[PDB]
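A.B. asks: Sharing a structure, written as structure tokens. Questions coming.
Neighbour counts are summed over all protein chains in view; Cβ atoms, including those assigned to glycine, are modelled from backbone coordinates with ideal geometry. Values quoted throughout were computed directly from the atomic coordinates according to the rules given, and no laboratory measurement underlies them.
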Amino acid sequence: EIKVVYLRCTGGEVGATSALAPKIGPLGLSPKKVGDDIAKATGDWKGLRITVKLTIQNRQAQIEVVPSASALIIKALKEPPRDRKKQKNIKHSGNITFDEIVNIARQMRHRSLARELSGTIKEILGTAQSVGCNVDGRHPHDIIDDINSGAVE
Amino acid sequence: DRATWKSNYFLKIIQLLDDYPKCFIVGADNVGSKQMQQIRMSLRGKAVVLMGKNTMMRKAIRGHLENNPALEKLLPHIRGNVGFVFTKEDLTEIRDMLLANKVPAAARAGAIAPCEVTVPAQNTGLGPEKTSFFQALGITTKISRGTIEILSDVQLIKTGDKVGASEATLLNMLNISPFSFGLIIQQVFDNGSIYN
Amino acid sequence: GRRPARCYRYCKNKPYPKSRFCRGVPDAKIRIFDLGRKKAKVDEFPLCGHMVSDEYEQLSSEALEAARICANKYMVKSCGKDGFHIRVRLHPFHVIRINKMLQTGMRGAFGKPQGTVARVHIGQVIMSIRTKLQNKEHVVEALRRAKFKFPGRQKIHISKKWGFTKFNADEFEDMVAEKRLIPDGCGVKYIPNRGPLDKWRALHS
Amino acid sequence: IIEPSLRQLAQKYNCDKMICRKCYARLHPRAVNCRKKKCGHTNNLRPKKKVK
Amino acid sequence: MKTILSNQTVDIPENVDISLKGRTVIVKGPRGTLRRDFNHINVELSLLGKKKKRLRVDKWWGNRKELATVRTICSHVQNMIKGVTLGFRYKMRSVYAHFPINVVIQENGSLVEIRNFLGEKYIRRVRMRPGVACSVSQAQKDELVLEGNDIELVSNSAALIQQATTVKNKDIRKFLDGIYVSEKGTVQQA
RNA sequence: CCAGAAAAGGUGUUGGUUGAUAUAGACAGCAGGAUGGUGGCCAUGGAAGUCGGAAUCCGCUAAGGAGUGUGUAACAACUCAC
Ligand SMILES: [Mg+2]
Ligand SMILES: [Mg+2]
Ligand SMILES: [Mg+2]
Ligand SMILES: [Zn+2]
């Protein structure tokens, strides 16, 4: 038998609020065995919202991470991660630069939810000011650079 | 604005008829936006599909009839939501790709039914918590193995009937919807020649 | 507390201001007269709309503040918190009097100071808002809903002047480029061809 | 207890109306001005409060 | 502003024999005759064309409050043609929450007794209009069919039996019972 | 004079000012779409376009707002701009 389920877990810390039982119990297996392994299998995400597919069979599910375009950029902005004390307004300044943006656009490209890569870097540079980031100047600084001075494939 | 949008559309339909001397006049009736995005992005290396105001394509072609008089045969064949497929690749391979890329759409809550929607008598995977969506149609159900067994076949939506909003939801949650809508090509333009 | 404003409406008496002779006047409750982003240059709020009275009447100092709050509260919703400048251009000076009864009667009749009022001539700018030229209907609607706080009759007129200046909008940037008037905040300074020549040199240097 | 297209047939005649702010009268759903001369053909309407 | 002339022709079909006695029209065809005098309306009704194929209503020197009465006349003539070619079938359905609305038809289509509406013991006897035949339809469980020639008689005899079934002193938004007009079609079709 | 009315309104009707869009086919009206990154970032117990604060991009486009409204615990489902 072969099935697939989805769950949007929270990164590094194992969620005590069991969103695991009402989707694993009527499928048959133990949910507490699996939902703690999702968080350590993510591991390096460690603070954020992360969607995870799990193909589930008669024996066990398989834990691998679904990428998100707003999540891959904010794991690349490497700020000191806050613990569970959960303060204010973590609004994301800082500097990311163009090469790893192209490298995230690689993963959005081979997701095959995309156009060609000169368009994917534009629609993922829009996510930079969505999150609030700053490539020493965000997509208003990057309007007319990709028009006739592109670094594309 | 809208004036320069129309004037740019004139240019991007003038050059797309000056480039490709081979066309499909294809009906884009009731296809989804994403169901056209899939076909458009998939055939991007091997086709260019185009839409627009048909009463604008009339004058956009009559601005070319200065130059190429063989485009006059396109004018009586633009009625309804019909558009262009432009290519220099094939004559029947991309035709079969247009025939094969059509997707079974979900059952809309108010669309007309082209074909005889019925459900086979089976044990679904919904579970006992979701019987009230079958009770709204009056389906005699039975709970077995923690799911729902539909006991007999149900002729719920027939050919040429309105699809109700209540009886469209159980098609979505049984994940079967026979409404396959795609491209319905009827007129071919190839080097000043028309075939069905 | 105070008697209805249909009593103290028409400009009946002589203008009787708060002065050395009339003392003990209670303070008019309008005390902020202009607000918004009042700390701005002339270049960035061109457009200006005036609420112009069309009756020779008296507007109370309480109605002035009511209409000011009503015209401010609309544009902090509409134009953002720093996209306008209200200037109320009627400071109240005429103090009005009250003969209150407790039985003496009408004998010895001269009122105590009750409130302050603003005598408004025919065709006079009561309030004026400057903003961007894209916020034109916001000025129109803000002044419209501030009309209902005043008595009488007001029209709404969008002027041809650049903001809160006495110079026309089609000539303002021309004269700035000709260096005939120089910005100094809410307004401008007009330079004539009359000064000593070192002041000409200092602006052309 | 009642079937849904019948309750929709009933509530297009009973519920799905406009009601005028002044005079409290009952108007057709695509109304902009009241019918009654008693309110001066006024302009401010509301929909009928749906049942819960 | 007085406009100088407004007009609007009405194509009468082949089988309809229409005539007009001054301003009073008579429309004849398969199902019967309808007469409706327009002696309040102050226009020029002219039956132009030989083979007599069009009626034409003229209004000379009319402001808009009386120019509004041109397509009114045209629509009454068109509903007068329709009710003699095709007829007027208004189907209307009895919606009931708990107590069944028991409708019985008496005097071969001319009287409707409505019983058990909200469990009440008062019975609604509603007389129809002369020319309208009420019936309980087969192949549908609780549906009344009102058929006739005059649309102002069919619809009024529908609205009478619809306003005979109303609640009193209760939330009309919840007690959604009564007979309500569901479908407004023709008797025979084309 | 002088013997009674106002602010405020009206898709009643008649004039008048000013600005739009419209055979590159509008306004209605009936039909078909109303997509992707994405369930955008902060936050919140839950907010997936729809309680909140700032942003508000791109791609595919004939065209679609990080959304006009009805909804939901949150979705879903419907609707609107286009
Ligand atoms: Mg009093
Ligand atoms: Mg005096
Ligand atoms: Mg009660
Ligand atoms: Zn009213």
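A.B. asks: Relative to the Cα centre, what is the charge dipole magnitude of the protein assembly as shown, using +1 at the beta carbon of each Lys and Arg, -1 at the beta carbon of each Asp and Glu, and rounding to the nearest 20 debye? Can you show the working numbers first?
C.D. replies: Values: 140 positive and 73 negative charges, 1171 e Å.
Roughly 5620 debye for the protein assembly as shown.
A.B. asks: Using every Cα-Cα pair within the range E:11-56, state what percent have a distance larger than 12 Å. Please report the intermediate quantities before stating the final value.
C.D. replies: Numbers: 626 of 1035 pairs.
The share of Cα pairs beyond 12 Å in the range E:11-56 comes to 60 percent.
A.B. asks: Continuing with this model, one more query. What residues have an amide H closer than 5 Å to that of residue A:46, excluding those fewer than 5 places away on the same chain, when H is modeled at 1.01 Å from N in the peptide plane?
C.D. replies: When sequence neighbours closer than 5 places are left aside, the close amide H contacts are A:12.
A.B. asks: Nearest 10 degrees is fine. How inclined is helix D:4-14 to the longest principal axis of chain D, computing both from alpha carbons?
C.D. replies: 20 degrees
A.B. asks: Something else now. How large is the helix-only mean residue ellipticity at 222 nm for chain A, computed as the sum of -39500 (n - 2.57) over DSSP H runs with n ≥ 4, divided by its residue count, in deg cm²/dmol to the nearest 500?
C.D. replies: Values: 6 runs with 55 residues, N = 153.
Counting only the DSSP helices, I get -10000 deg cm²/dmol.
A.B. asks: Please arrange A:136, D:16 by how many other C-beta atoms lie within 10 Å of their C-beta, fewest to most. Walk me through the numbers before you get to the answer.
C.D. replies: On the way: A:136 8, D:16 15.
The most exposed by this proxy come first: A:136, D:16.
A.B. asks: What whole-number value in cubic angstrom gives the convex hull volume per residue for the C-alpha atoms of the range E:51-104? List each step's numbers first, then the result.
C.D. replies: Details: hull volume 7.3 nm³, N = 54.
With only Cα atoms used, the range E:51-104 gives 134 Å³ per residue.
A.B. asks: Under 17 Å from the Cα of residue A:46, which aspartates and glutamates turn up, not counting those fewer than eight places away in the same chain?
C.D. replies: Within the straight-line cut-off, residue A:46 pairs with A:13, A:36, A:37, A:64, A:79, A:83.
A.B. asks: Once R0 is set to 22 Å, what does the formula 1/(1 + (r/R0)^6) return for the Cβ-Cβ distance between residue B:161 and residue D:12, expressed as a FRET efficiency to the nearest 0.05? Walk me through the numbers on the way to the answer.
C.D. replies: Details: r = 22 Å, r/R0 = 1.00.
Efficiency at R0 = 22 Å is approximately 0.50.
A.B. asks: Testing the spin-label approximation: label points 7 Å from Cα along Cα→Cβ at residue B:190 and residue E:167. State their distance in nm.
C.D. replies: The two pseudo-label positions are separated by 6.8 nm.
A.B. asks: Run the dipole for the range A:1-130 about the Cα centre, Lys and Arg Cβ at +1, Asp and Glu Cβ at -1, nothing else charged, and hand back the magnitude in debye, nearest 20.
C.D. replies: Values: 23 positive and 12 negative charges, 79 e Å.
So the magnitude is around 380 debye.
A.B. asks: Output wanted: per-residue J couplings in Hz (rounded whole) for the range A:41-58, from phi through Karplus 6.51 cos²θ - 1.76 cosθ + 1.60, θ = phi - 60°, x for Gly and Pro.
C.D. replies: 6, 5, x, 7, 5, 6, x, 10, 9, 9, 8, 9, 7, 9, 6, 10, 10, 5
A.B. asks: For residue B:121, what charge total do you get from the other residues with a beta carbon under 9 Å from its beta carbon, if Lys and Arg give +1 and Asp and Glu give -1? All intermediate terms of the calculation are to be shown ahead of the outcome.
C.D. replies: Numbers: positive: none; negative: B:149, B:153.
Neighbour charge sum, excluding residue B:121 itself: -2.
A.B. asks: In whole angstrom, how long is each semi-axis of the equivalent ellipsoid of the range A:41-101, when you take the square root of 5 times every eigenvalue of its Cα gyration tensor and sort them from largest down?
C.D. replies: Details: eigenvalues 152, 53, 14 Å².
Equivalent ellipsoid of the range A:41-101: 28, 16, 8 Å, largest first.
A.B. asks: Taking the Cβ-Cβ separation of residue B:123 and residue A:36 as r and a Förster radius of 35 Å, what is the calculated FRET efficiency to the nearest 0.05?
C.D. replies: On the way: r = 33 Å, r/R0 = 0.95.
Between residue B:123 and residue A:36 the formula returns 0.60.
A.B. asks: Determine Rg/Rh for the range B:97-196; Rg is computed over alpha-carbon atoms and Rh is the Kirkwood hydrodynamic estimate from the same atoms.
C.D. replies: Values: Rg = 18.2 Å, Rh = 15.6 Å.
Taking Rh as the inverse mean 1/r over Cα pairs, Rg/Rh reads 1.16.
A.B. asks: Between residue B:19 and residue A:44, what is the label-to-label distance in nm when each label sits 7 Å out along the Cα-to-Cβ direction?
C.D. replies: Modelled inter-label distance: 4.1 nm.
A.B. asks: Between residue B:96 and residue A:91, what is the FRET efficiency for a Förster distance of 45 Å, r being their Cβ-Cβ separation, to the nearest 0.05?
C.D. replies: Numbers: r = 53 Å, r/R0 = 1.17.
Computed FRET efficiency for residue B:96 and residue A:91: 0.30.
A.B. asks: If you don't mind, there's one more thing I want to ask. If we count other beta carbons within 10 Å of each Cβ, what is the order of B:24, C:84, C:164, fewest first?
C.D. replies: Details: B:24 23, C:84 28, C:164 20.
Least to most surrounded, the residues fall as C:164, B:24, C:84.
A.B. asks: Helix E:71-85 versus the longest principal axis of chain E: what is the Cα-based angle in degrees, 0 to 90, to the nearest 10?
C.D. replies: Roughly 60 degrees, rounded to the nearest 10.
A.B. asks: Follow-up. Tell me the angle of helix E:151-163 to the major Cα principal axis of chain E, expressed in degrees between 0 and 90 and rounded to the nearest ten.
C.D. replies: Taking Cα atoms only, the helix is inclined about 30 degrees.
A.B. asks: On to the next question. My understanding is that a pair violates if its Cα-Cα distance is over 32 Å; which of D:50/E:184; D:12/E:141; B:34/E:184; A:23/A:122 do that in this structure? Let's see the in-between values first.
C.D. replies: Numbers: D:50/E:184 27 Å; D:12/E:141 22 Å; B:34/E:184 39 Å; A:23/A:122 37 Å.
Flagged as over cut-off: B:34/E:184; A:23/A:122.
A.B. asks: Which of rounded, prolate, oblate describes chain A, given a ≥ b ≥ c as roots of the alpha-carbon gyration tensor eigenvalues and a/c under 1.5 marking rounded, otherwise prolate only if a/b is larger than b/c? Show your work: numbers first, answer last.
C.D. replies: Working: a/c = 3.49, a/b = 1.72, b/c = 2.02.
The shape class here is oblate.
A.B. asks: Continuing with this model, one more query. What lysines does residue B:22 reach when the alpha-carbon gap must be under 21 Å and sequence neighbours fewer than 8 apart in one chain are set aside?
C.D. replies: Result set, ordered by chain and number: B:12, B:46, B:53, B:59, B:73, B:88.
A.B. asks: Then there's this: Taking each residue of D:10-22 in turn, how many C-beta atoms of other protein chains fall within 10 Å of its C-beta, and what is the average? It would help to have the intermediate numbers written out before the result.
C.D. replies: Numbers: counts 11, 6, 1, 7, 12, 4, 1, 0, 0, 0, 0, 0, 0.
Other-chain Cβ atoms within 10 Å of each residue's Cβ, averaged: 3.
A.B. asks: Work from the charge dipole of the range E:97-167 (Cβ charges, +1 for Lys and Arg, -1 for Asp and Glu, about the Cα centre) and give the residue of E:158, E:102, E:139 farthest towards its positive end.
C.D. replies: Projecting each Cα onto the dipole axis, the largest value belongs to E:102.
A.B. asks: Per q in 0.13, 0.14 1/Å, what log10 I(q)/I(0) does a Debye calculation on the alpha-carbon atoms of chain E return?
C.D. replies: Debye curve over Cα of chain E, log10 I(q)/I(0) at q = 0.13, 0.14 Å⁻¹: -0.77, -0.84.
A.B. asks: Using Cα pairs under 8 angstrom and six or more residues apart, how large is the relative contact order of chain D, in percent?
C.D. replies: Details: 60 pairs, mean separation 16.5, N = 52.
That works out to 32 percent.
A.B. asks: Exposure proxy check: A:124, E:172, B:143 ranked by fewest other beta carbons within 10 Å?
C.D. replies: Working: A:124 23, E:172 19, B:143 12.
Exposure proxy ranking, most exposed first: B:143, E:172, A:124.
A.B. asks: Using alpha carbon coordinates only, what is the Rg to Rh ratio of the protein assembly as shown, with Rh defined as the Kirkwood radius?
C.D. replies: On the way: Rg = 39.0 Å, Rh = 37.4 Å.
Rounded to two decimals, Rg/Rh equals 1.04.
A.B. asks: Along the charge dipole of chain A, which of A:25, A:6, A:35 sits closest to the positive end, that is, farthest toward it, with unit charges on the beta carbon of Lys, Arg, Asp and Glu (+1, +1, -1, -1)?
C.D. replies: Farthest towards the positive pole: A:25.
A.B. asks: Counting residues in the range C:67-164 as N, plug N into 2.2 N^0.38 Å and put the Cα Rg over that result. Walk me through the numbers on the way to the answer.
C.D. replies: On the way: Rg = 18.5 Å, N = 98, 2.2 N^0.38 = 12.6 Å.
Computed over Cα atoms of the range C:67-164, the ratio equals 1.47.
A.B. asks: What do you get for Rg/Rh over the range D:1-51 if you use C-alpha atoms and the Kirkwood form of Rh?
C.D. replies: Values: Rg = 12.8 Å, Rh = 11.7 Å.
Rounded to two decimals, Rg/Rh equals 1.09.
A.B. asks: Something else: Would you list which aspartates and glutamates come within 13 Å of residue E:2, measuring only between C-alpha atoms, while excluding same-chain residues fewer than 8 positions from it?
C.D. replies: The qualifying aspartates and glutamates are E:66.
A.B. asks: In whole angstrom, note down how far apart the Cα centers of the range C:1-43 and the range E:116-190 are.
C.D. replies: Centre-to-centre distance over Cα atoms comes out at 69 Å.
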